[PDB]
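Reviewing the structure listed below.
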Amino acid sequence: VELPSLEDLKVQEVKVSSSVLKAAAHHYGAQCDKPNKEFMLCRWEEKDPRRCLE
Amino acid sequence: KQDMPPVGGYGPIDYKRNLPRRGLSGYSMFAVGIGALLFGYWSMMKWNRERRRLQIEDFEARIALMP
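Chains as they are written, first to last, in the deposited numbering: chain Q, 5 to 58; chain V, 7 to 73.
Here it is, written out as structure tokens:
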């Protein structure tokens, strides 16, 4: 197998806790809806999460 | 001439036998029982049904995250 580099990692990581992530959490998902629902098709409809990194 | 029995002052006490106090019987009971029990299940379906609504909200916060 072949893997992507150490680059295309180390992105700006959301460093929050569990409750403050679950704090808003409800207003969150129901109003972005372009990158995330399409990301599910990038994971369900085609597998191998090594292709799907954008 | 100093002997016992009095000229008067007596009872007597009874030989009888009685304490039949009723008692709320005979279709009065089996009516307070069912009337209490149906108040219980009526106090259900307002809590167990309502907790199932908050249950779905608890799963809701899970699903709006995890992409």
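Idealized CB from N, CA, C, for every residue including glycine.
Between residue i and residue j, which are expected to be in contact by the criterion C-beta below 8 Å, what is the C-beta distance as a whole number of angstroms?
| i | j | result |
| --- | --- | --- |
| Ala67 (chain V) | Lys26 (chain Q) | 6 Å |
| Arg54 (chain Q) | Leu13 (chain Q) | The Cβ separation is near 12 Å, so there is no contact. |
Can you tell me which of the three DSSP states residue i falls into?
| i | result |
| --- | --- |
| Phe36 (chain V) | coil |
| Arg58 (chain V) | helix |
| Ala29 (chain Q) | coil |
| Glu49 (chain Q) | coil |
| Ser21 (chain Q) | coil |
| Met44 (chain Q) | helix |
| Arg68 (chain V) | helix |
| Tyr47 (chain V) | helix |
| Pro39 (chain Q) | helix |
| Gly29 (chain V) | coil |
| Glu63 (chain V) | helix |
| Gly17 (chain V) | coil |
What do you reckon, are the CB atoms on residue i and residue j nearer than 7 Å?
| i | j | result |
| --- | --- | --- |
| residue 3 (chain Q) | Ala70 (chain V) | Given a span of 5 to 58 for chain Q in the structure shown, any question on residue 3 (chain Q) remains unanswerable. |
| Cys46 (chain Q) | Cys36 (chain Q) | no |
Could you tell me which of the options sits nearest to residue i, measuring between CA atoms?
| i | options | result |
| --- | --- | --- |
| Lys41 (chain Q) | V:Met72, V:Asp9, V:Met10 and V:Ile40 | V:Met72 |
Going by the C-beta, is residue i closer than 6 Å to any heavy atom of the ligand NAD?
| i | result |
| --- | --- |
| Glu50 (chain Q) | Looking for the ligand NAD in the displayed structure turns up nothing, as the structure carries no ligands at all. |
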